[PDB]
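Peer 1: I'd like to ask some things about the structure below.
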Amino acid sequence: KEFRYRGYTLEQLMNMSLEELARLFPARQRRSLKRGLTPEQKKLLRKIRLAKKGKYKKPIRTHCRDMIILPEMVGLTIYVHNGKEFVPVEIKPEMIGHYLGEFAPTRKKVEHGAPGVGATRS
Amino acid sequence: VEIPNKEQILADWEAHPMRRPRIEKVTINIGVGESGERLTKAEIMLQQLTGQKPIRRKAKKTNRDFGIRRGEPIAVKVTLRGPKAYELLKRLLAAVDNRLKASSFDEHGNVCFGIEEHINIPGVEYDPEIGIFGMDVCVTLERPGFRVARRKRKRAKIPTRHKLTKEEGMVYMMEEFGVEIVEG
Amino acid sequence: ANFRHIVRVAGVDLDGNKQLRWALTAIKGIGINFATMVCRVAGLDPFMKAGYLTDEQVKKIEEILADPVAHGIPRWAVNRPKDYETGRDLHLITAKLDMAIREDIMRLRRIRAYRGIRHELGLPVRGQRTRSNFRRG
RNA sequence: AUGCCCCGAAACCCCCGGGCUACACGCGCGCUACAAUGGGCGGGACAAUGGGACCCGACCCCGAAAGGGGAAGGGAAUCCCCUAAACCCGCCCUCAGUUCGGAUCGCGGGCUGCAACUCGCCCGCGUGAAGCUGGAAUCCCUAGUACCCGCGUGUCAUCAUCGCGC
RNA sequence: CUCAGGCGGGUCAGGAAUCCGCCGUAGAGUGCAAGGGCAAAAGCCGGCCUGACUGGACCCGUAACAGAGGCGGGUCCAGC
């Protein structure tokens, strides 16, 4: 089925301005947008806008894990820092309104081995 | 999908009246999978939905993985024929959207599908005895003179010209009622 | 009058010796608060023993459950205040509610979010400590 | 604070991101409960210690709640936090995994903070896991003490099942 | 009434549960070894029954040709 967010299609979401996107988004994202964007986030937006317009062909890397995905960021690969490397994340329509850091896991899955000598009172 | 032979095969159906087939039987199966009170619930459900008695299809061979034993009544089935079969097929096909997968048709123009919940004049009377809702529905077509291979006396084999095909079956379904899809 | 020991509302059998509030509570998707809300909207005394309900009253309850908001229920007392797809206010009952929650978790797992990963792994998702508690084995 | 040894363009100094918050498992100390010596609803009474300047904030208006806007007085025996709970009266529940239990999750609305996903707190509706009194063993306490029940403060931009007192 | 096995289709259902079509000379089954025989049956599913009976005759095999106590089998008459 065609993707829709709050009954709006992707083209409508792109055409909508920042205030309407904030209205659509949940309380946390709306509050973040209302407060504003930090200078690093503004630089990230400038890079994404240039890439979309077609004058930035290099991969996009950033440390901004607290950034919320916007519809204009759909269709791009962003390399998000996770502490050690820049893991790639492909922006999808269903990921709008989520924090960019949710898709860049930091820790690793644990495969517990045999318990040590001190793991028990014996 | 798109059938390319619709026009000339329409000329054919109209030119030869006896070449027009019909739904000889619609078979509905309830694969309960266990011989419990759910089996009786499904039996009464199909009894009040169709109007004729059920059949206790027993299990062939024993399999402990599925929790079955040979000869255990597992599933039930019912066969519908005639104008009442026509009406039941219409209501069932309306239950879900009037769309059939174009690939579901057999080689001999036989089609069928499955419904995972009663929705056809269903009646919310399911809390008393329901829970095993779900039904495999398959329809069989036939040009009129196919009882030659069924009659005991002077039984014979129908030629390949006189038997249905996938395209003819789907076009017949389209012409009578409902539409096909591209299944992707 | 006709005191029914068992009454079926919204496809779930309700007790006949229990008040209407807690009787409606038997349906997944409705609790004591929302049941009282529904009774007050329908105009039925919440304290009546379930079983005295008539066909008209049962159908009225069904309609209220179908469209709680249009019947006066506040938009902030519903189960789904803002549908992800349609963008309207909905209240889901039993099977539809289960499908909606399953779809939400499946969407998370599909987008590969942290909360989806944690859902599939079966570990806490809301930011708890897993060193001393949550021992399932 | 300091002896010797060591690093001394690095172990020194700043900045960004992550971690200290992981999780088959063993343990200490606690909170909540396993209900009638009670749960819910409406109503009716009673404190003290302390703190308050980007601070406490009466009072008024909006909101269903969280919360939002204006704003008097108070440098504090003058104003605020501050009309606590246990307890009492009337009604429903009548021994049941329930109108006990409140983990675990969905959606949505807010506050602080430059920043809330890793990794904060708050409120609405929905959901409803173990638990029906506990083996060997083991701990505190001699009077306004023990038990029961709430409040102030230190940490604090937000966060108290925590320490110190009432 | 027709089997085994296979091809195409169908909600849970997956290699394998129950179902709808086509092909299918027996590749199945027939209590048990092997061989032989069996497809509108000798196989699968049902209805009724107890000829798995009584009194007898003759004949073949064990034992060719070529002798036999005991035993197995075949063709019949009568009774019920």
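Peer 1: Looking only at region C:60-102, which residues are within 22 Å of A:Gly97 (Cβ to Cβ) and small (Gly, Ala, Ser)?
Peer 2: C:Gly87, C:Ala100
Peer 1: Right, A:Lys52: in contact with a helix residue (DSSP H, G or I) (Cβ under 7 Å, 6 or more places away or on another chain), more than 14 Å from chain C (Cβ to nearest Cβ), surrounded by 14 or more Cβ atoms within 10 Å (Cβ to Cβ) and basic (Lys, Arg) or not? Before the answer, list the steps.
Peer 2: Values: in contact with a helix residue (DSSP H, G or I) (Cβ under 7 Å, 6 or more places away or on another chain): yes; more than 14 Å from chain C (Cβ to nearest Cβ): yes; surrounded by 14 or more Cβ atoms within 10 Å (Cβ to Cβ): yes; basic (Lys, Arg): yes.
Considered against the rule, which asks whether it is in contact with a helix residue (DSSP H, G or I) (Cβ under 7 Å, 6 or more places away or on another chain), more than 14 Å from chain C (Cβ to nearest Cβ), surrounded by 14 or more Cβ atoms within 10 Å (Cβ to Cβ) and basic (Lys, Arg), A:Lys52 comes out as yes.
Listed here are the residues, each with its yes/no results for (1) charged (D, E, K, R); (2) within 11 Å of RNA strand D (Cβ to nearest atom); (3) closer than 23 Å to C:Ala113 by Cα; (4) buried (at least 18 other Cβ atoms within 10 Å of the Cβ).
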residue: A:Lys43; (1), (2), (3), (4): yes, no, no, no
residue: A:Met73; (1), (2), (3), (4): no, no, yes, yes
residue: A:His81; (1), (2), (3), (4): no, yes, yes, no
residue: A:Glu90; (1), (2), (3), (4): yes, no, yes, no
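Peer 1: Let me ask another. Suppose the filter is free of Cβ contacts under 8 Å to residues at least 24 places away in the same chain, within 11 Å of RNA strand E (Cβ to nearest atom) and closer than 30 Å to B:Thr160 by Cα; does B:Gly109 pass it? Before you say what the answer is, go through the steps one by one.
Peer 2: Details: free of Cβ contacts under 8 Å to residues at least 24 places away in the same chain: no; within 11 Å of RNA strand E (Cβ to nearest atom): yes; closer than 30 Å to B:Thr160 by Cα: yes.
It is false that B:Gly109 is free of Cβ contacts under 8 Å to residues at least 24 places away in the same chain, within 11 Å of RNA strand E (Cβ to nearest atom) and closer than 30 Å to B:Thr160 by Cα.
Peer 1: Something else about it: Just give me the residues in region B:112-133 being near RNA strand E (Cβ under 8 Å from one of its atoms) and within 14 Å of chain C (Cβ to nearest Cβ), in sequence order.
Peer 2: Correct list: B:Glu116, B:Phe133.
Peer 1: Then there's this: Of the residues in region C:28-70, how many are without any contact (Cβ under 8 Å) to a residue 40 or more places away in the chain and either in contact with a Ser or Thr (Cβ under 8 Å, 6 or more places away or on another chain) or within 16 Å of RNA strand E (Cβ to nearest atom) (or both)?
Peer 2: Going through region C:28-70 one residue at a time, the tally reaches 4.
Residue-wise test of (1) within 9 Å of RNA strand D (Cβ to nearest atom); (2) in contact with a strand residue (DSSP E or B) (Cβ under 9 Å, 6 or more places away or on another chain); (3) charged (D, E, K, R).
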residue	(1), (2), (3)
C:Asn17	yes, yes, no
C:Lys28	yes, yes, yes
C:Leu44	no, no, no
C:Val58	no, yes, no
C:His71	no, no, no
C:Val78	yes, yes, no
C:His91	yes, yes, no
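Peer 1: For residues that are part of a loop (DSSP other than H, G, I, E, B) and in contact (Cβ under 8 Å) with a residue 24 or more places away in the chain, scanning just region B:84-106, find the one that is surrounded by the fewest Cβ atoms within 10 Å (Cβ to Cβ). Outline the logic, then answer.
Peer 2: Pass one, region B:84-106, residues part of a loop (DSSP other than H, G, I, E, B): B:96-98, B:102-106.
Of the ones still in play, those that are also in contact (Cβ under 8 Å) with a residue 24 or more places away in the chain are B:98, B:102-106.
On the way: B:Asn98: 12, B:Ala102: 18, B:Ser103: 14, B:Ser104: 16, B:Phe105: 21, B:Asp106: 15.
Filtering region B:84-106 for residues that are part of a loop (DSSP other than H, G, I, E, B) and in contact (Cβ under 8 Å) with a residue 24 or more places away in the chain, the one surrounded by the fewest Cβ atoms within 10 Å (Cβ to Cβ) comes out as B:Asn98.
Peer 1: Let me ask something additional. Return the residue satisfying two criteria in turn: it lies in region C:115-127 and is more than 12 Å from A:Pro105 (Cβ to Cβ) and charged (D, E, K, R), and of such residues it is nearest to the other protein chains (Cβ to nearest Cβ).
Peer 2: Start the filter on region C:115-127 by keeping residues that are more than 12 Å from A:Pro105 (Cβ to Cβ), which leaves C:119-120, C:122-127.
Those left that are additionally charged (D, E, K, R): C:120, C:126.
On the way: C:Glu120: 11, C:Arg126: 14 Å.
By that ranking, first place goes to C:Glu120.
Peer 1: Can you name the residue in region B:1-35 that is farther than 15 Å from B:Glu175 by Cα and among the acidic types (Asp, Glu) and is also surrounded by the most Cβ atoms within 10 Å (Cβ to Cβ) among such residues?
Peer 2: B:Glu24
Peer 1: Looking at region B:137-148, can you tell me whether even one residue there is of a type in the set (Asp, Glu) and away from chain C (no Cβ under 14 Å)?
Peer 2: yes
Peer 1: Could you check, for region B:26-36, whether at least one of its residues is under 23 Å from B:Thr140 (Cβ atoms) and of a type in the set (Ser, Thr, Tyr)?
Peer 2: Yes; the residues of region B:26-36 include at least one that is under 23 Å from B:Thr140 (Cβ atoms) and of a type in the set (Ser, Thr, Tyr).
Peer 1: Now for a different question. Before we move on, is C:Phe34 farther than 18 Å from C:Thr94 by Cα, touching a helix residue (DSSP H, G or I) at 6+ places or on another chain (Cβ under 9 Å) and either among the basic types (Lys, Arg) or within 15 Å of RNA strand D (Cβ to nearest atom) (or both)?
Peer 2: Details: farther than 18 Å from C:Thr94 by Cα: no; touching a helix residue (DSSP H, G or I) at 6+ places or on another chain (Cβ under 9 Å): yes; either among the basic types (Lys, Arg) or within 15 Å of RNA strand D (Cβ to nearest atom) (or both): yes.
So C:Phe34 fails the test.
Peer 1: Same structure, new question: From the list B:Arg147, B:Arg161, pick out the single residue that is assigned to a helix (DSSP H, G or I) and farther than 30 Å from C:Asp13 by Cβ. So that I can check it myself, show each step before the final result.
Peer 2: Details: B:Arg161 fails: assigned to a helix (DSSP H, G or I).
Result of the check over B:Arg147, B:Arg161: B:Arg147.
Backbone-built Cβ (ideal geometry, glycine too); neighbour counts: all protein chains shown. Just so you know, all these numbers are worked out from the coordinates, no wet-lab data involved.
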